[PDB]
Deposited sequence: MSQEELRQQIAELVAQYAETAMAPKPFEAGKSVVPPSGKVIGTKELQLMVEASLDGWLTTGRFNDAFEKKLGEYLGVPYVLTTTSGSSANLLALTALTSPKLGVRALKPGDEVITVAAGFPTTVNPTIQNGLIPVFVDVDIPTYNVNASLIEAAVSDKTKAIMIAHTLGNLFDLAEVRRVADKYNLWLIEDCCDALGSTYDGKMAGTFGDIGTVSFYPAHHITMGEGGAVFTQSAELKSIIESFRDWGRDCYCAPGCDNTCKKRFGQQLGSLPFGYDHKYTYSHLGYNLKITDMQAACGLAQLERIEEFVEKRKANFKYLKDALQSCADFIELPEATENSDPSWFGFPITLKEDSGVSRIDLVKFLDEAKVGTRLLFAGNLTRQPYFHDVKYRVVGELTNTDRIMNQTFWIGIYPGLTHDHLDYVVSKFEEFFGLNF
């Protein structure tokens, strides 16, 4: 019997995942403390096998379940899965170029306000659609836009604001919101690293017109490769979907003959950025643990910050943005310049001690080699942005790290700083 063969395959899988996905006890000196990672188990492997058995391959049963459950978690009616966080950002900004949006459709030459201290694909979509990025400085130790600088970047060409809640910490949604409204600007919330974060009690990604998230292994939940675009607007949802699906027409011009297959009628300049149900299944399992993961990240963050307070004379510790409850992606630290050493020294020392580190992504996008010939504007100076590029880095606090993992990390900072003496 079929339904029988499945339940019995689920068993052999649920028992394989017991050996395979079993966490190993921490062993100082030998065990590593990566900066991020995935935490999967029996459920993940079970659903993926189910999806495999289905033999459907393209999105369906599991993808429907996933989009629905994530929509309920975020509290939004429209969720569309795509190939990655980057693809999500690309689809978000590109959808706003749709001629169906009339006078407020983004056009080549228009401007989009953002920050230079972020991830490349948060800004690439703007440049890839012919628009112009306008940068303003960020704040330390929140590592998010200094919202007070946004207003001065606005001009006649300003058209939207696309920014990411860096490392799960939220950006001043009150000031960004205020500016967007006053000038009727579109707001795209890049929540690729902030799934679960909240501001003023409201879930991140539900303040703007469109929100994006990533499911790469680093992140709160994974599908291996995957991401999602979400919104509260039916119109935008239909536009996004069209751009993701070959640009073919939907919801419900040119000179095609009457009775031309609708399946082959294209209303947008489109890609094909869909995923498989195998990917969707993994993410569905992961969704069951999200609340658990968000809680643990907040726990590890506090524990690590309290314990690392002993080095406060040499490093600046991270601070959540006022009136927010971030779902931390990582733990951002800035080495003080008058400490006597370079970030290279600390990073390398930690590396030898098995403690993983990551710099704050691009550091300063404008200084990245690929920005050599890009057309952009910067309002004010990127002082803090350059400091981040030179002095900042982050370490792990993800669900896979226990108190023993963190205790080891704290002792290494102490050792490196001679505070154990």
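Residues of the deposited sequence lacking C-alpha coordinates, numbered from 1, fall in the stretches 1, 254-268.
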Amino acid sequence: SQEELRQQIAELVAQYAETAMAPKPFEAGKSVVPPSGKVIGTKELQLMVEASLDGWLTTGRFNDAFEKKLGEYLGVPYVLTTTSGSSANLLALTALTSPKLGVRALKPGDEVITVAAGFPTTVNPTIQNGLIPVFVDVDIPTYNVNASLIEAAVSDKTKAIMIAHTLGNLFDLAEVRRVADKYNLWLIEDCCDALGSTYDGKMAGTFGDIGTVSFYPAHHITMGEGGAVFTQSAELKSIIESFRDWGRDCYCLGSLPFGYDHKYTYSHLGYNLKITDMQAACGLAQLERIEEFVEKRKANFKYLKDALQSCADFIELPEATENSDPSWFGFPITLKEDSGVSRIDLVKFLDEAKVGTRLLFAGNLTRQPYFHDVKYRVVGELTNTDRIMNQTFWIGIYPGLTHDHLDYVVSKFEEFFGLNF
From here on, numbers count along this sequence of modelled residues.
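Averaged over Cα atoms, the B-factor as recorded in the entry is higher for 287-295 than for the other of 161-169 and 287-295. When 369-377 is weighed against 27-35, 27-35 comes out higher, by mean CA B-factor as recorded in the entry.
Among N364, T58, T357, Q46, the highest C-alpha B-factor in the deposited entry belongs to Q46. When the C-alpha B-factors of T212, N272, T321, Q128 are ranked from the entry, the top spot goes to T321.
The deposited CA B-factor of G224 belongs to the lowest third of values across its chain. Per the deposited record, the Cα B-factor of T122 falls in the lowest third when ranked against the other modelled residues of its chain. Annotation for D110: C-alpha temperature factor in the middle third relative to the rest of the modelled chain, per the entry. In the PDB entry, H268 places in the lowest third of its chain by CA B-factor. Among all modelled residues in its chain, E241 ranks in the lowest third by Cα B-factor.
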